[PDB]
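Student: After the structure tokens below, expect a handful of questions from me.
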Amino acid sequence: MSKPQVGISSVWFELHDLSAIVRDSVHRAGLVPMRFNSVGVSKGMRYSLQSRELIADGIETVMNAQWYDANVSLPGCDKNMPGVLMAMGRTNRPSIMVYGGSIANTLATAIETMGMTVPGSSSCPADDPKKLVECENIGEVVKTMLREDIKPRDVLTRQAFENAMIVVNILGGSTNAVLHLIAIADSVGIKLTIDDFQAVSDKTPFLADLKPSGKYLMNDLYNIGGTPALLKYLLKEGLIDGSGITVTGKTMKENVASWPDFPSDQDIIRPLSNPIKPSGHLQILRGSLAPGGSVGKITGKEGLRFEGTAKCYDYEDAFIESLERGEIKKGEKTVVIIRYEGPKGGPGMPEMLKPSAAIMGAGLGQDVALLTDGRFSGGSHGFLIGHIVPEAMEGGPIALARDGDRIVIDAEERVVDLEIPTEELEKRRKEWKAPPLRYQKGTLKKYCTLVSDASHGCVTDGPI
């Protein structure tokens, strides 16, 4: 009739149907439910990052074409969450995310931290009947959001992203969170830079005893109070601000007041007294090889300086095959560059799992540093640096390095330097020629045309 219409956006690929429960709750609250579905992530890696744009574009399109008054989003898989939040920032109409439930991914905890979910959503397991009851009572949350006009730009403030980076830092830190939180902040009109991540990492310790290098899993947090208990603990220590409005109509502090604290005998989150590391893992490095920035998680076991000989590879398998031929030697310090894997070169910055694993399997973690304009995934006992800007496809210095060049990685200076003369670097750029875009037609052709560099979250509609 004249009731508000609530779009219910799912990202589904064929266990309860959470979307059907949301629909019945929205109807019971006096609103009109409108379920719709979106494609998502669910060689194949080259479509993953650009699927985030398809989610943001698709949901924005339906929300605006039909002009739904509010949004409930069920991203399902964790990898569908960023594009879901970007669509909310574009419409800026009252919206809420319902996490699918627990099944080291920190982004769902960070999204609840920012207040785009009811308390416990991100830590409640998918099995639990409490996940069903959350969706059974989401209708009144949406009606309250419409009554009090709680919009994504009211909730996703600059301080909300500060809390998100801190919580991510506390739990170990994701390098993908750099891409996604910058893009999500961009969608609500907030300028978030890689240097903002460095600032948090300098002042915030690492407290979560989590695998692969720790003892516990993120699923273990639910049994000691879940995400609300974690926020209560960080609020008690004064590390986060709880005064920000959320989708419930209350602040973070008000939301978590009624939830129980951590049990005193918990060893998943270290006390501030005894941190696993006094500063954050995530480090931003620039220098003559990555003047536009780069991203790496630094444990401290890599050492504080790595100077070595460059060996360059224009695709992932080229490195693995040169490794298997014994062209990378023990006792020598070698800096491996795997380039043309960036946003446009990949395309889509495909996550490479094999380079870091192959170096541990050969006992070279202390003799080999890894650099790329794309992404690494596994862990290495040496330097793992990605997101190097400009990428090789754009003609950055990473494309101009040659075998035999000296490269320095300094973790305290936070530079990756190509030890060649500036005149020579400019001469090499005058000889470089851009290869064609990998795809001349289709969705990847359009994505390559629009995508920004990694230091801007690879947003595709023009960084603010």
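Each chain in the structure tokens gets a letter, A, B, ..., in the order shown, and its residues are numbered from 1; ligands are numbered from 1 in order too.
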Quick one: everything within 8 Å of stretch 91-106 of chain A, counting only C-alpha atoms, minus sequence neighbours fewer than 3 positions away in the same chain. Send it as a PyMOL selection string.
Tutor: chain A and resi 60+63-64+69-78+85+87-88+109-110+116-118+121-127+131+135+142+145-146+149-153+168+171+173-174+188+210-211+217-219+247
Student: What does the file look like for those residues with N, CA and C atoms, as a tab-separated table (two decimals), in the first residue's frame?
Tutor:
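File again-v4.tsv, as written:
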chain	number	residue	atom	x	y	z
A	60	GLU	N	22.90	-1.54	-5.90
A	60	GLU	CA	22.56	-0.13	-6.06
A	60	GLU	C	21.50	0.06	-7.15
A	63	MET	N	18.04	-1.20	-5.85
A	63	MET	CA	17.58	-0.33	-4.77
A	63	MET	C	17.06	1.00	-5.31
A	64	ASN	N	17.69	1.52	-6.36
A	64	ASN	CA	17.31	2.83	-6.89
A	64	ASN	C	16.25	2.75	-7.98
A	69	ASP	N	12.74	1.67	0.21
A	69	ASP	CA	12.99	2.60	1.29
A	69	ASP	C	14.10	2.15	2.23
A	70	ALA	N	14.40	0.85	2.26
A	70	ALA	CA	15.41	0.32	3.16
A	70	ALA	C	15.98	-0.96	2.55
A	71	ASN	N	17.06	-1.45	3.16
A	71	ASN	CA	17.76	-2.62	2.64
A	71	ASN	C	18.15	-3.54	3.79
A	72	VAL	N	17.91	-4.83	3.60
A	72	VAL	CA	18.53	-5.88	4.40
A	72	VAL	C	19.36	-6.73	3.46
A	73	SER	N	20.64	-6.90	3.77
A	73	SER	CA	21.56	-7.60	2.90
A	73	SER	C	22.08	-8.86	3.58
A	74	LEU	N	21.96	-9.99	2.88
A	74	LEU	CA	22.52	-11.27	3.31
A	74	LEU	C	23.63	-11.65	2.35
A	75	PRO	N	24.88	-11.23	2.61
A	75	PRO	CA	25.96	-11.54	1.67
A	75	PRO	C	26.28	-13.02	1.58
A	76	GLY	N	25.93	-13.81	2.60
A	76	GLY	CA	26.26	-15.22	2.60
A	76	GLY	C	27.74	-15.46	2.84
A	77	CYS	N	28.49	-15.68	1.77
A	77	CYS	CA	29.92	-15.92	1.90
A	77	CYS	C	30.62	-14.64	2.35
A	78	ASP	N	31.66	-14.79	3.17
A	78	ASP	CA	32.39	-13.64	3.70
A	78	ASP	C	32.89	-12.71	2.60
A	85	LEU	N	28.39	-3.74	1.38
A	85	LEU	CA	28.47	-2.50	2.14
A	85	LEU	C	28.65	-1.29	1.23
A	87	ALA	N	27.29	-0.91	-1.76
A	87	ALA	CA	25.95	-0.58	-2.25
A	87	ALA	C	25.16	0.21	-1.22
A	88	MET	N	25.30	-0.13	0.06
A	88	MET	CA	24.63	0.63	1.11
A	88	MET	C	25.11	2.07	1.15
A	109	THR	N	33.71	-9.29	11.77
A	109	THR	CA	33.84	-8.68	13.09
A	109	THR	C	34.02	-7.17	12.97
A	110	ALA	N	34.77	-6.73	11.96
A	110	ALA	CA	34.96	-5.29	11.76
A	110	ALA	C	33.68	-4.61	11.32
A	116	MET	N	27.05	-1.87	11.57
A	116	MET	CA	26.12	-2.17	10.50
A	116	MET	C	25.39	-3.49	10.71
A	117	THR	N	25.41	-4.03	11.92
A	117	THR	CA	24.80	-5.32	12.25
A	117	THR	C	24.31	-5.26	13.68
A	118	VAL	N	23.35	-6.12	14.00
A	118	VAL	CA	22.87	-6.23	15.38
A	118	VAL	C	23.98	-6.89	16.19
A	121	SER	N	25.74	-10.69	15.60
A	121	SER	CA	25.58	-11.18	14.23
A	121	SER	C	26.85	-11.83	13.68
A	122	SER	N	27.99	-11.15	13.82
A	122	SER	CA	29.21	-11.61	13.17
A	122	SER	C	29.88	-12.78	13.88
A	123	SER	N	29.55	-13.02	15.15
A	123	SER	CA	30.17	-14.11	15.90
A	123	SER	C	29.21	-15.24	16.21
A	124	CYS	N	27.92	-15.06	15.98
A	124	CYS	CA	26.97	-16.14	16.22
A	124	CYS	C	27.14	-17.19	15.14
A	125	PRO	N	27.25	-18.47	15.49
A	125	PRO	CA	27.49	-19.49	14.47
A	125	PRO	C	26.27	-19.69	13.58
A	126	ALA	N	26.54	-20.12	12.34
A	126	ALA	CA	25.47	-20.32	11.37
A	126	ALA	C	24.48	-21.39	11.83
A	127	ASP	N	24.95	-22.41	12.56
A	127	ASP	CA	24.06	-23.46	13.05
A	127	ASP	C	23.00	-22.90	13.98
A	131	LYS	N	20.77	-17.36	15.32
A	131	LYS	CA	20.84	-16.72	14.02
A	131	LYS	C	19.46	-16.63	13.38
A	135	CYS	N	17.13	-12.97	12.55
A	135	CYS	CA	16.38	-12.62	11.35
A	135	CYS	C	14.89	-12.51	11.64
A	142	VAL	N	14.65	-2.63	11.25
A	142	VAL	CA	14.51	-1.83	10.04
A	142	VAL	C	13.48	-0.72	10.25
A	145	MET	N	15.06	1.95	12.20
A	145	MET	CA	15.99	2.71	11.36
A	145	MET	C	15.24	3.72	10.49
A	146	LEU	N	14.09	3.33	9.95
A	146	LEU	CA	13.31	4.25	9.13
A	146	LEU	C	12.70	5.36	9.99
A	149	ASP	N	15.68	7.51	11.00
A	149	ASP	CA	16.50	7.85	9.84
A	149	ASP	C	17.98	7.59	10.10
A	150	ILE	N	18.29	6.32	10.38
A	150	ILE	CA	19.65	5.88	10.62
A	150	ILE	C	20.21	5.41	9.29
A	151	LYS	N	21.03	6.25	8.66
A	151	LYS	CA	21.55	5.99	7.33
A	151	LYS	C	22.98	5.49	7.40
A	152	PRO	N	23.45	4.78	6.37
A	152	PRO	CA	24.83	4.27	6.39
A	152	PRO	C	25.88	5.35	6.61
A	153	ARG	N	25.65	6.57	6.14
A	153	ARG	CA	26.63	7.63	6.35
A	153	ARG	C	26.56	8.21	7.76
A	168	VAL	N	40.63	-5.02	13.55
A	168	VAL	CA	41.36	-5.86	12.61
A	168	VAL	C	42.82	-6.00	13.04
A	171	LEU	N	43.18	-8.44	15.95
A	171	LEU	CA	42.97	-9.84	15.60
A	171	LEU	C	44.04	-10.40	14.67
A	173	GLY	N	45.14	-8.67	11.59
A	173	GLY	CA	45.23	-7.79	10.44
A	173	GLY	C	45.12	-8.50	9.11
A	174	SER	N	44.26	-8.01	8.24
A	174	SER	CA	44.17	-8.49	6.87
A	174	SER	C	44.72	-7.43	5.93
A	188	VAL	N	30.98	5.97	1.22
A	188	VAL	CA	30.22	6.84	2.10
A	188	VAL	C	30.82	8.24	2.17
A	210	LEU	N	45.67	-16.63	17.52
A	210	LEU	CA	44.89	-17.25	16.46
A	210	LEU	C	45.78	-17.99	15.47
A	211	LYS	N	45.25	-19.08	14.93
A	211	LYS	CA	45.96	-19.87	13.94
A	211	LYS	C	46.00	-19.12	12.60
A	217	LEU	N	40.80	-20.46	16.82
A	217	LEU	CA	40.09	-20.03	15.63
A	217	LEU	C	39.12	-18.91	15.99
A	218	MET	N	38.70	-18.16	14.98
A	218	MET	CA	37.72	-17.10	15.21
A	218	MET	C	36.41	-17.66	15.74
A	219	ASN	N	36.06	-18.89	15.35
A	219	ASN	CA	34.87	-19.55	15.86
A	219	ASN	C	34.91	-19.74	17.37
A	247	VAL	N	22.97	0.64	13.82
A	247	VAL	CA	21.68	0.35	13.21
A	247	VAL	C	20.59	0.04	14.23
Student: Based on the backbone DSSP call, show me all residues of stretch 53-192 of chain A assigned alpha helix (DSSP H), as a ChimeraX atom specification.
Tutor: /A:53-65,81-91,107-114,129-136,138-148,152-155,158-171,176-187
Student: What is the atom CA of residue A:5-atom CA of residue A:30 distance in Å, reported with one decimal?
Tutor: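 Those two atoms sit 9.8 Å apart.
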Student: Report, in Å to a single decimal, how far apart atom CA of residue A:369 and atom CA of residue A:402 are.
Tutor: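 For atom CA of residue A:402 relative to atom CA of residue A:369, the distance reads 15.5 Å.
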Student: Please provide as a ChimeraX atom specification all residues within 9 Å of residue A:437, with the sequence filter that same-chain residues fewer than 6 positions apart are discarded (counting only C-alpha atoms).
Tutor: /A:344-345,347,393,445,448-449
Student: Just to be explicit: take each residue in the selection above, keep C-alpha atoms, and write the result as a short mmCIF file (atom, residue, chain, number, x, y, z; two decimals), in the first residue's frame.
Tutor:
data_model
loop_
_atom_site.label_atom_id
_atom_site.label_comp_id
_atom_site.auth_asym_id
_atom_site.auth_seq_id
_atom_site.Cartn_x
_atom_site.Cartn_y
_atom_site.Cartn_z
CA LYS A 344 44.88 -4.26 -14.57
CA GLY A 345 47.74 -6.72 -15.13
CA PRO A 347 43.58 -8.55 -13.85
CA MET A 393 50.88 -2.62 -16.32
CA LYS A 445 37.72 -5.37 -20.27
CA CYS A 448 40.50 -2.91 -16.40
CA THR A 449 39.37 0.37 -17.98
#
Student: For residue A:281, work out the shell of residues within 8 Å, counting only C-alpha atoms and skipping chain neighbours fewer than 5 positions away, then give it as a list in words.
Tutor: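 With the cut-off at 8 Å, the set is residues 169, 172, 173, 201, 206, 297, 298 and 299 of chain A.
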Student: For C-alpha atoms, I'd like the residues from the last selection saved as a short mmCIF file (atom, residue, chain, number, x, y, z; two decimals), in the first residue's frame.
Tutor:
data_model
loop_
_atom_site.label_atom_id
_atom_site.label_comp_id
_atom_site.auth_asym_id
_atom_site.auth_seq_id
_atom_site.Cartn_x
_atom_site.Cartn_y
_atom_site.Cartn_z
CA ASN A 169 44.79 -4.96 14.00
CA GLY A 172 46.04 -10.06 13.35
CA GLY A 173 45.23 -7.79 10.44
CA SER A 201 49.43 -0.30 13.33
CA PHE A 206 48.41 -7.67 18.38
CA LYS A 297 52.32 -8.09 7.09
CA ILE A 298 55.60 -8.08 9.02
CA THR A 299 55.95 -10.53 11.91
#
Student: To one decimal place in Å, what is the distance between atom CA of residue A:141 and atom CA of residue A:223?
Tutor: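 These two atoms are separated by 25.3 Å.
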